[PDB]
């Protein structure tokens, strides 16, 4: 499976890079770092959890923005290497209004903007916070989507070298990689 993209028609004329830069600034930084995770307000959650899931999801503390990372994900918590998210990352869904969770059988978004699927990312535990999965997801938590942008760029170029993070969603749709919402 090659990378597949779903996008709201709103972003037809946007490039993926610009969309993601704007989304990152919109979601912001939840300030998830040592000494700044003191309650549940900026942890997010796993489905099913407690520290592992086919989904990890997080709401912005600033806005209604949220993301859902899909795959086979693991968090080391306090075990070495500490505070490492690793495993398989298949998908990233970006949007507004996170719903659900482990107790209701999964996370969803009420208003998804864009999703990237078949990412094929797979990072081992021993790589720690240098792992690609860790950096992609932590980027989305911390207001910097450059790691995700980098991985999407590489996957698009592998489909065809005319495709990049700087293609518009409509260009990517013409190329058979992306698809606009039914509407």
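What we label the rigid core is the largest C-alpha set whose atoms superpose within 1.5 Å from one form to the other. Residue numbers count along the first chain shown, from 1.
Q: After a core fit, does 41 to 49 or 153 to 161 show the bigger CA gap to the shown form in 6 other deposited structures of this protein?
A: Evaluated in 6 other deposited structures of this protein, the stretch farther from the shown form is 41 to 49.
Q: With the rigid core as the fit anchor, does 87 to 95 or 105 to 113 show bigger C-alpha shifts in 6 other deposited structures of this protein?
A: If we average over structures and residues in 6 other deposited structures of this protein, the farther stretch is 105 to 113.
Q: Between 31 to 39 and 46 to 54, which has the higher average C-alpha B-factor in the PDB entry?
A: The stretch with the larger mean CA B-factor is 31 to 39.
Q: Quick one: say whether 104 to 112 or 79 to 87 has the higher mean Cα B-factor in the deposited entry.
A: Between 104 to 112 and 79 to 87, it is 104 to 112.
Q: If you rank every modelled residue in this chain by C-alpha B factor, which third holds residue 134: lowest, middle or highest?
A: Ranked within chain, residue 134 CA B lands in the lowest tercile.
Q: Considering every modelled residue of the chain and its Cα B-factor in the PDB entry, is residue 60 in the lowest, middle or highest third?
A: Within its chain, residue 60 is a middle-third residue by C-alpha B-factor, going by the deposited values.
Q: Going by what the PDB entry lists, where does residue 143 fall on CA B-factor within its chain: lowest, middle or highest third?
A: Highest third of the chain for residue 143's C-alpha B-factor.
Q: By the recorded C-alpha temperature factor, relative to the other modelled residues in its chain, which third is residue 117 in?
A: Residue 117: CA B-factor falls in the lowest third of its chain.
Q: What third of its chain's C-alpha B-factors does residue 126 belong to: lowest, middle or highest?
A: It falls in the top third of the chain.
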